[PDB]
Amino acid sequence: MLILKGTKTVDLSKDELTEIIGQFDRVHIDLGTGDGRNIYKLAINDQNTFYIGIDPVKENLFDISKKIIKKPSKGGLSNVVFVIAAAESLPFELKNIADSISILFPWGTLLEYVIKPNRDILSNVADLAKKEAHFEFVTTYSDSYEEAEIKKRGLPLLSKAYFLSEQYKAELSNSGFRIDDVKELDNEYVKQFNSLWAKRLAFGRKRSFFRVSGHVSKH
């Protein structure tokens, strides 16, 4: 398993990970975490949870990664690690570790995995979580082109009706996710997030966002 220490990637063993999370009552995993700013804000405000942000593009994380390793007086944190990995190839070391898991504003292939949904991929995501872990997926089209691309490929259109459908619910269930709630949210809700991408979404044109949440049932 590869983690980020500043701008450098280093190996982290299962045994090392175990020792780190031993100091926390809860563990949260944010998949496709982006620039790290969402995780940073959560972590600084909740020192009783260990936050794992996973992203395949390490350069997206450099700035926040450099911040978390500073002294506490300069913004350093001890309850955050950034894992460099993709949804299609998650580290075995993260199996059965999370009390909660989020996928926030995914785009491209990750978004397709969530909305189709891709059973094989979501099953591997569910494997990261402990029995009955909380989950939330928050989705929207990134831009008109992405909307057109997903639609051209014959993928389902993002709507509350679709996420409420018996078919989506059954498919997520087969992947190990029990949907408890589906909400349509607005730009104002998104303003709560701290990532640059979320700010751009929140303050840009009016857009529909959807939150599907519940608990991991696979276990």
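The numbering used is simple: start at 1 and walk along the sequence shown.
Looking at the other compared entries that model residues on both sides of it, is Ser144 unmodelled in at least a third of them?
Comparison shows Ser144 dropped in at least a third of the other entries.
Can you check if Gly36 is missing its coordinates in at least one third of the other PDB entries compared, counting only those that model the residues either side of it?
Across the compared entries, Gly36 is modelled every time.
State which stretch shows the higher mean Cα B factor in the entry: 26-34 or 39-47.
Taking the mean B-factor of the alpha carbons in each, 39-47 is higher.
Regarding 115-123 and 101-109, which shows the higher C-alpha temperature factor on average in the entry?
Stretch with the greater average CA B-factor: 115-123.
Among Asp143, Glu149, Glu136, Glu93, where is the Cα B factor highest in this entry?
That would be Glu93, according to the entry.
Criterion, highest CA B-factor; candidates, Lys199, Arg211, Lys14, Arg205
The C-alpha B-factor peaks, among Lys199, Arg211, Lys14, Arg205, at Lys14.
Rank-wise, by C-alpha B-factor, drop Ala87 into the lowest, middle or highest third of its chain.
Middle third.
Using the temperature factors of the C-alpha atoms in this entry, rank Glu59 within its chain: lowest, middle or highest third.
Answer is middle: the recorded C-alpha B-factor places it there.
Third assignment of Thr9 from its chain's C-alpha B-factors:
Tercile = highest for this residue's CA B-factor.
For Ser159, return the chain-relative third of its C-alpha B-factor as stated in the PDB record: lowest, middle or highest.
For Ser159, whose C-alpha B-factor we compare with every modelled residue in the chain, the answer is the middle third.
Give the position of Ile69 by CA B-factor within its chain, expressed as the lowest, middle or highest third.
As the PDB entry reports it, the C-alpha B-factor of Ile69 lands in the highest third of its chain.
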